[PDB]
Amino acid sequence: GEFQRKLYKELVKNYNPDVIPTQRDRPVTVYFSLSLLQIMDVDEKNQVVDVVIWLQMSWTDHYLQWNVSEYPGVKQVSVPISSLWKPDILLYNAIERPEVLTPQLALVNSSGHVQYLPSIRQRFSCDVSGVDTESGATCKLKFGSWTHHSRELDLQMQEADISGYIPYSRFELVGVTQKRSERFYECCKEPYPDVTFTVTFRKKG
């Protein structure tokens, strides 16, 4: 519609997607969770697991809010993620780049809350030497911001999901746990948070 077209024009004006949208030394809170959809393969020689994981991220960007009565009918909009600031979140265990399977779009509502929910095909490093035993292999998937400390980007955790796991693969899911942490690194004065998912699985008999 015409109201949407006018809204998109205003949202991009004076907006720099390279600048994290903090406000007066108050961090941007980013909620992060993961749904393991499939274990595609396990390479026992090279110590590699191949997965499809659906990442779910959300945060508030105060530059993206609008008055609902100025734009009647427009409750939320669909925007390419390249036009917004997004978290620079990395899988620390990754040995190749991710392949993104979903359209690179985010949903933004009228108070500036953004949802970006990419599904990714990803290969990563793990010791899979007990994968073909009763107590299987257990792998850690550590996620965190690459360039923003706790006072800039407050990474927070949400409930993990196993309901979407594909039943017909040759691996079964024994368990999934999760834990937020915070550490000081040698480089830097400020601490950096992370969210780590621990996945235990094994080959089907």
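The first residue of the sequence shown is number 1, and the count goes up from there.
Undergrad: Output the stretch having the higher mean C-alpha B factor in the entry; the candidates are 71-79 and 129-137.
TA: Going by the record's values, the stretch with the higher mean is 129-137.
Undergrad: Mean CA temperature factor from the deposited coordinates, higher in 145-153 or in 160-168?
TA: Taking the mean B-factor of the alpha carbons in each, 160-168 is higher.
Undergrad: Looking at the temperature factor on the CA atom of residue 191, which third of the chain's modelled residues does it land in?
TA: Tercile = highest for this residue's CA B-factor.
Undergrad: By the recorded C-alpha temperature factor, relative to the other modelled residues in its chain, which third is residue 185 in?
TA: As the PDB entry reports it, the C-alpha B-factor of residue 185 lands in the highest third of its chain.
Undergrad: Using the temperature factors of the C-alpha atoms in this entry, rank residue 53 within its chain: lowest, middle or highest third.
TA: Lowest third.
Undergrad: When the modelled residues of the chain are sorted by Cα temperature factor, does residue 65 land in the lowest, middle or highest third?
TA: Residue 65: CA B-factor falls in the middle third of its chain.
Undergrad: So where's residue 174 on the chain's Cα temperature factor ranking, which third?
TA: Its C-alpha B-factor, which the entry lists for residue 174, ranks in the highest third among residues of this chain.
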